[PDB]
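One structure below.
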Amino acid sequence: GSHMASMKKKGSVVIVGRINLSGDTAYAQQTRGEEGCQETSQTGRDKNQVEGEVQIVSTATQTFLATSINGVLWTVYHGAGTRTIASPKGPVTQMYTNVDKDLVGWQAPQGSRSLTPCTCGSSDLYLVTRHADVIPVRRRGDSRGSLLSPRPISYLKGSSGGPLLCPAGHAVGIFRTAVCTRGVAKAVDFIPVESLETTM
Ligand SMILES: CC(C)(C)[C@@H]1NC(=O)O[C@@H]2CCC[C@H]2OC/C=C/C(F)(F)c2nc3ccccc3nc2O[C@@H]2C[C@@H](C(=O)N[C@]3(C(=O)NS(=O)(=O)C4(C)CC4)C[C@H]3C(F)F)N(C2)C1=O
Ligand SMILES: [Zn+2]
């Protein structure tokens, strides 16, 4: 509009949970409910303890994932836009933004753990979803991989920003898009970890 004094400000991305991969079982944990998420988005002040590599994140209108690799919390631009992330000291500005790669990054929150970029050159990958499903994916190109067991896109919705990992648990990529036939996701496209390492 033309009245700057009443123009609104978009809130921060807020960590609302995590995918726990510490033990023998992968499972999602929620760490903040909808009400606290809304307040934290407006203030940008998040005093909750952060743990793990894969965070569940939310805005006022979307929920997706964010993954720490080499001390950067990475996610997709189509989820985060240019938004700050909430942190204990106030909103934190993105350190990386690349709409051409559908990629953004913030400094990894204190308490998080980072994945190591994969150097194995392995093509047997594993996609981790927001429901803590571990989905075998065969790498088919620099940025594409096929699901060994296709499933409706509904099962992958909300998992952009999640990791594809190698057999050793290294980060190979950041889940970006699905490739579907009749609503069934047969393959995925991801931001390769090398494209991250270049951005850095
Ligand atoms: C048909 C389809 C499956 C919906 C779509 N496929 C598709 O486009 O495939 C083509 C063919 C192979 C590569 C790809 O080239 C196009 C590149 C798209 C892009 F990624 F570069 C992208 N750049 C943007 C930049 C600025 C603003 C918006 C942008 N929007 C984009 O893509 C958009 C969004 C992305 C998305 O849905 N991601 C996921 C997800 O969970 N999101 S999310 O968490 O729910 C949520 C929306 C909250 C954040 C993983 C897939 C889940 F559902 F499985 N899209 C559309 C798709 O996957
Ligand atoms: Zn590896």
Side-chain angles (χ1 to χ4, degrees), residues 10-19 21 28 37 41 53-67 69-70 73-83 85 94 96-105 114-181 183-197 199:
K10 279 189 180 184
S12 293
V13 174
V14 181
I15 293 165
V16 295
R18 78 179 63 96
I19 307 304
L21 305 166
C37 179
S41 189
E53 305 92 347
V54 184
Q55 310 301 319
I56 308 172
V57 293
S58 298
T59 67
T61 53
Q62 296 191 113
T63 185
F64 46 102
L65 298 174
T67 303
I69 304 169
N70 280 5
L73 185 67
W74 302 99
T75 191
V76 283
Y77 185 95
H78 78 261
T82 56
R83 289 176 177 76
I85 192 171
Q94 285 175 16
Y96 305 102
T97 312
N98 189 328
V99 67
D100 294 323
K101 295 177 184 176
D102 195 20
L103 179 77
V104 317
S114 267
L115 299 160
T116 304
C118 179
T119 61
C120 299
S122 167
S123 281
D124 292 331
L125 315 179
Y126 304 90
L127 174 70
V128 181
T129 73
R130 71 177 291 110
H131 309 300
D133 293 314
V134 173
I135 298 177
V137 171
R138 176 72 184 181
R139 198 181 191 161
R140 298 295 196 191
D142 51 359
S143 67
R144 188 173 167 183
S146 59
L147 273 63
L148 269 51
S149 308
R151 61 206 76 196
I153 191 175
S154 318
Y155 285 97
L156 304 182
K157 183 173 182 295
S159 290
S160 69
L164 288 93
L165 308 169
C166 78
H170 306 135
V172 175
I174 298 293
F175 182 29
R176 177 165 58 193
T177 62
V179 180
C180 303
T181 305
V184 175
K186 294 221 151 42
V188 292
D189 163 269
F190 56 89
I191 306 139
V193 74
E194 296 87 354
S195 181
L196 271 53
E197 285 169 299
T199 286

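Both counts, for ligands and for their atoms, begin at 1 and track the order of listing. Note that the numbering runs from 1 along the sequence shown for the chain. The basis for the numbers below is simple: all heavy atoms, side chains too, and nothing from hydrogens, waters or symmetry mates.
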Exercise. Between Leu164 and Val188, is any pair of side-chain heavy atoms under 4.5 Å apart?
Worked result: yes
For this session: For ligand 1, note which part of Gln62 has a heavy atom under 4.0 Å away: side chain, backbone, both or neither.
Result: side chain
Problem set entry | Heavy-atom check, side chain of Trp74 versus side chain of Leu103, under 4.5 Å | yes
Exercise. Among protein heavy atoms, which sits nearest to atom 38 (N) of ligand 1, and what does the distance come to when rounded to 0.1 Å?
Worked result: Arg176 O, 2.8 Å
Problem set entry | Minimum side-chain heavy-atom gap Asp124-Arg138 below 4.5 Å | yes
Exercise. Are the side chains of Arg139 and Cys166 in touch, meaning some heavy atoms are under 4.5 Å apart?
Worked result: no
Exercise. At their closest point, which heavy atom of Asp189 faces which heavy atom of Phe175, and how far apart are they?
Worked result: O-CD1, 3.8 Å
Exercise. Is there a heavy atom in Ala185 that sits closer than 4.0 Å to ligand 1?
Worked result: no
Seminar exercise, completed: atom 11 (C) of ligand 1 sits nearest the protein heavy atom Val179 CG2, 4.6 Å
Exercise. What N/O/S atom of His170 is the closest to the Zn ion (ligand 2)?
Worked result: ND1
For this session: Please tell me if the side chains of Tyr126 and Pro163 come closer than 4.5 Å, counting only heavy atoms from C-beta onward.
Result: no
Exercise. Which bit of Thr63 is near ligand 1, meaning a heavy atom under 4.0 Å away: side chain, backbone, both or neither?
Worked result: backbone
Exercise. Do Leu156 and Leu127 touch side chain to side chain, with heavy atoms closer than 4.5 Å?
Worked result: yes
For this session: Could you check if a side-chain atom of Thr116 sits within less than 4.5 angstrom of a side-chain atom of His170, using non-hydrogen atoms only?
Result: yes
Problem set entry | Taking every non-hydrogen atom, the tightest pair across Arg83 and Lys10 | NH2-CD, 3.8 Å
For this session: Measure from atom 37 (O) of ligand 1 to every heavy atom in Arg144, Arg130, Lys157, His78 and give the option owning the shortest one.
Result: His78
For this session: Would you mind checking which non-hydrogen protein atom is closest to atom 40 (C) of ligand 1, with the distance to 0.1 Å?
Result: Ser160 CB, 3.4 Å
Problem set entry | Enumerated ligand 1 atoms positioned under 4.0 Å from heavy atoms of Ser159 | 41 (O), 44 (O)
Exercise. Which atoms of ligand 1 are found less than 4.0 Å from any heavy atom of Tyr77?
Worked result: 26 (C)
Exercise. Looking only at non-hydrogen atoms, which of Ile191, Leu156, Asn98, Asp100 approaches atom 52 (C) of ligand 1 most closely?
Worked result: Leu156
Exercise. Protein heavy atoms: any of them under 4.0 Å from atom 4 (C) of ligand 1?
Worked result: no
Problem set entry | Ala187, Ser58, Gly183, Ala178: member with heavy atom nearest to atom 2 (C) of ligand 1 | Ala178
Problem set entry | Protein heavy-atom partner closest to atom 50 (C) of ligand 1 - residue, atom, separation in Å | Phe175 CZ, 3.3 Å
For this session: Give a yes or no on this: more than 12 heavy atoms of other residues, nucleotides or ligands lie within 6.0 Å of atom OH of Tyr155.
Result: no
Exercise. Is atom 18 (C) of ligand 1 less than 4.0 angstrom from at least one protein heavy atom?
Worked result: yes
Exercise. Is atom 15 (O) of ligand 1 in close reach of the protein, with a heavy atom under 4.0 Å away?
Worked result: no
Exercise. Who's the nearest protein heavy-atom neighbour of atom 41 (O) of ligand 1, and how far?
Worked result: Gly158 N, 3.1 Å
Seminar exercise, completed: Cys118 SG to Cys120 SG via the Zn ion (ligand 2), rounded to 10°, gives 110°
Exercise. Would you say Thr63's side chain and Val57's backbone share a donor-acceptor pair under 3.5 angstrom?
Worked result: yes
Exercise. So, do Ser41 and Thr59 sit near enough that their side-chain heavy atoms are less than 4.5 Å apart?
Worked result: no
For this session: Apply side chain to side chain contact (heavy atoms under 4.5 Å, CB included) to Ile19 and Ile56, showing your working.
Result: CA-CA 7 Å; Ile19 307 304; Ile56 308 172; 3.9 Å; yes
Problem set entry | Minimum non-hydrogen distance to atom 24 (C) of ligand 1, winning option of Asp189, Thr75, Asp102 | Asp102
For this session: Could you list which atoms of ligand 1 come closer than 4.0 Å to a heavy atom of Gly79?
Result: 49 (C)
Problem set entry | Which residue and heavy atom of the protein sit nearest atom 32 (O) of ligand 1, plus the separation | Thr177 CG2, 4.1 Å
